[PDB]
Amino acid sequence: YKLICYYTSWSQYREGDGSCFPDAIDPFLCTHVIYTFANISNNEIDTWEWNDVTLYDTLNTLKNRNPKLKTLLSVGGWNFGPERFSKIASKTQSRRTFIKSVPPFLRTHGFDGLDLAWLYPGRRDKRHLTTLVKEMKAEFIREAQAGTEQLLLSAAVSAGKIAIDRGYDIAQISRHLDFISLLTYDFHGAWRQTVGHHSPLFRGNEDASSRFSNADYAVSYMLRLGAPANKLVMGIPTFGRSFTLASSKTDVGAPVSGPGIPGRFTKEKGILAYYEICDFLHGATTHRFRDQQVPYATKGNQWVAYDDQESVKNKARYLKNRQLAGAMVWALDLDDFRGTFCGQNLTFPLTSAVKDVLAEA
């Protein structure tokens, strides 16, 4: 099985124990670590942070200890606007320029591949994404002739049915990609004025937003669209999402006034790192959504949907049962990478739980 793990370049800047550099990553934890994100500038791949050449080197130094570890560099993300990808992918010349720039940059920096994280392709982009993936793979095939093991090509793909339908030709891009990481953790609509879970494995009993807004639906639908199971990797979050409650109510359908207050370390309303949730749980009441198979917790006016060791184990057992290629974790810097917040003196408790289940049989 593959265990694909993202590291984000901006996590370095978090205050105190929040700060995460790539030497905090256990070299044997994941099969693949993806550094996120690269820029695109003058239609060529490029660095983003001031110190990315340094941190790329710190990541790639992990392979001294684990020579089998593979690294990838992800291009795009939400700070890069989808419109920027669109402009590059939609024209033969800019697409070629970009694609030609990729292998030398990856080689120089010690990466084993490229991950595409276009968030997200529209209706007008679908055919261009197909061309970009096909043509980038073709360039990786040519570059391999100069003697070094062929670069890997992956993509991070929406897990929302409407987004999938609008933007991706899954049957075609699956042929050329080495794996597809399914973003099975953005299932609570931005529009909703109630609490809910963003990463449920199955639908809830009572007005799920769709029958579609759950990991099981997403996996099934990618298989049905022609993604072979051995190309599909299911995403599992190490962060949770938070809400400010509008009333004393906390169970299904509880109204909310907006996102939850930011975490001390991650400083972003509506999201909390797992290590922050560990701490939040002190004094919190914990609940599970029985049919969705994922937990939430509440205290004061704050309500948090999250994933725990149990839930991520459960998701790993599911994905093996569906004979998928493995798991993807977003993100190492949001798991308890220091080991010191979650009461177990164990680094990477979520990601490690996933690993441990992938090895079972």
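Just count from 1 along the sequence shown to find any residue number.
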Tell me which stretch has the larger mean Cα B-factor in this entry, 204 to 212 or 118 to 126. 204 to 212
Out of 329 to 337 and 300 to 308, which stretch has the higher average CA B-factor listed in the record? 300 to 308
For the listed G113, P259, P237, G110, which has the peak Cα B-factor recorded in the PDB entry? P259
Among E276, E268, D178, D186 - the residue whose C-alpha B-factor is largest in the record: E268
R288: CA temperature factor from the record, placed by chain third, in the highest
Third of chain Cα B-factors occupied by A361: highest
Among all modelled residues of this chain, ranked by Cα B factor, put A353 in the bottom, middle or top third, i.e. lowest, middle or highest. lowest
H198 - which third its CA temperature factor falls in, relative to the rest of the chain: lowest
Give the position of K68 by CA B-factor within its chain, expressed as the lowest, middle or highest third. middle
